[PDB]
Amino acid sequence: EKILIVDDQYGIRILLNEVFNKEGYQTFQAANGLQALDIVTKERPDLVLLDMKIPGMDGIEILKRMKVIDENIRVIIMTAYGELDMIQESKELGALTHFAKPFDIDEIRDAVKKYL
């Protein structure tokens, strides 16, 4: 199915892309909020990996805007040195789970086949 990778850092995007292609998924990629929203609207991904740590546009903002496009959207958040309140808040908004960086490739891979 369709997997949307949202992260402002080239490194993470390259990584998850190589990981999810190996699993046979159709992967999309976005560096910021707007790109992520356009893709959600156009492609309507089955699962999203959202970096809550993006400059200029907080993940909290991006998340709600994705719920607008689709209510049953499946979004897994990932953070690096992220607050506990932003994780807790994201959960209340229907977050399937949270992956702390550096995330274990196997853990996040098993979590994908699950909520997918």
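Numbers for residues come from their place in the sequence shown, where the first is 1.
Legend entry - Between the two ranges 70 to 78 and 25 to 33, the one averaging a larger CA B factor in the entry: Higher mean C-alpha B-factor: 70 to 78.
Inset, instruction - Taking the mean of the C-alpha B-factors per stretch from the entry, tell me the winner out of 34 to 42 and 52 to 60. - result: Stretch with the higher mean C-alpha B-factor: 52 to 60.
Inset, instruction - For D104, return the chain-relative third of its C-alpha B-factor as stated in the PDB record: lowest, middle or highest. - result: Within its chain, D104 is a lowest-third residue by C-alpha B-factor, going by the deposited values.
Inset, instruction - Compare the C-alpha B factor of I12 with those of the other modelled residues in its chain, then answer lowest, middle or highest third. - result: CA B-factor rank for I12: lowest third.
Inset, instruction - Select lowest, middle or highest to describe the third in which the CA B-factor of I3 falls within its chain in this entry. - result: Its C-alpha B-factor belongs to the middle third of this chain's values.
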